[PDB]
Amino acid sequence: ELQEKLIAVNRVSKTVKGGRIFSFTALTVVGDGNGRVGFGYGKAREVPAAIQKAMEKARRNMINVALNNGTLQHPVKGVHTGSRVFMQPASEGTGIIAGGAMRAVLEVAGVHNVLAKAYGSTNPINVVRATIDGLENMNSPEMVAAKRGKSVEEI
RNA sequence: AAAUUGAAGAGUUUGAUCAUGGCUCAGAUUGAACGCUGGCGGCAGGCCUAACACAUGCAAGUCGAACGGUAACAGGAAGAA
Ligand SMILES: [Mg+2]
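Quick note: the first sequence uses the deposited numbering, first residue 10, plus one each step.
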């Protein structure tokens, strides 16, 4: 019922006394389509084995995101080691406007309308981390209402 | 009542990685030029260079209801016609 898709696959190497030892890495994102999204990173000698490992890694380490209506509550800015991510909620019907890694993360999470831009490095492993960081730190008016002790007359 | 409801990335330094950093590409546009090809119509546009030199024709005339006047055409009439 939940959706899963593969971000990128990369071949890595570890040289030994005999020579190189080739390996394959898989970055995947798993989301239920509501705002519960996670990512998994796995390593294996074979591409099917590597992608499978990332699949179970993503089912654990799931997070929850509070969405308004298929979109973000407010503009959000997610920063990881070398990647800067700016996402802001857009109007209905505008669709998803984001880079490769961010679009997959966003679409499996369940955000249909969003304007998202990536600054800094565009390494898939780090932009996915930055995107997850933004969806965390974004908040909901009811949790803010309890946070400030001011009820929900703000909106 | 309606009057911007708007932001995408990729390749390349390494045995492999992250970062930094340049180079390149995917878009739109043009008073365009060239190559290959070419049926029609509508609208628009068309010396960006030598403010270089110019044959030829035209591009500022009009008024007789300002004036003298009759070169020219037509009308009008004295008269050997
Ligand atoms: Mg000129």
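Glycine included, every Cβ here is placed at the ideal spot set by N, Cα and C.
message = Please tell me whether residue 39 and residue 11 are closer than 8 Å, where the distance is taken between their beta carbons.
response = Yes, the Cβ-Cβ distance between residue 39 and residue 11 is below 8 Å.
Notebook entry, point to check: Buried or exposed: residue 138, going by 16 or more other Cβ atoms within 10 Å of its Cβ?
Noted result: So residue 138 ends up on the buried side.
Between the C-alpha atoms of residue 101 and residue 122, what's the straight-line distance to the nearest angstrom? If you draw a straight line from the Cα of residue 101 to the Cα of residue 122, it is about 6 Å long.
Check whether the Cβ atoms of residue 147 and residue 83 lie closer than 8 Å to each other.
In contact: residue 147 and residue 83 (Cβ atoms closer than 8 Å).
- Task: State the DSSP-derived secondary structure class of residue 215, mapped to helix, strand or coil.
- Result: Because the chain in this structure spans residues 10 to 164, residue 215 falls outside the shown range and cannot be described.
At which residues does the alpha helix (DSSP H) containing residue 118 begin and terminate?
First-last of the alpha helix (DSSP H) with residue 118: 109–118.
Checklist entry - Would the segment 22–29 and the segment 49–57 be scored as touching if the rule is three or more Cβ pairs under 8 Å? => result As far as the Cβ criterion goes, the segment 22–29 does not touch the segment 49–57, which means the pair count is below three.
Next on the checklist: Judging by CA-CA distance, which residue of 43, 118 and 97 is the nearest neighbour of residue 141?
Outcome noted: Of the candidates 43, 118 and 97, the one whose C-alpha sits nearest the C-alpha of residue 141 is 118.
Practice item. May I ask you to report which of helix, strand or coil DSSP gives residue 23? Key: Coil.
Between the segment 104–117 and the segment 61–77, are three or more C-beta pairs nearer than 8 Å?
Not touching, per the Cβ criterion.
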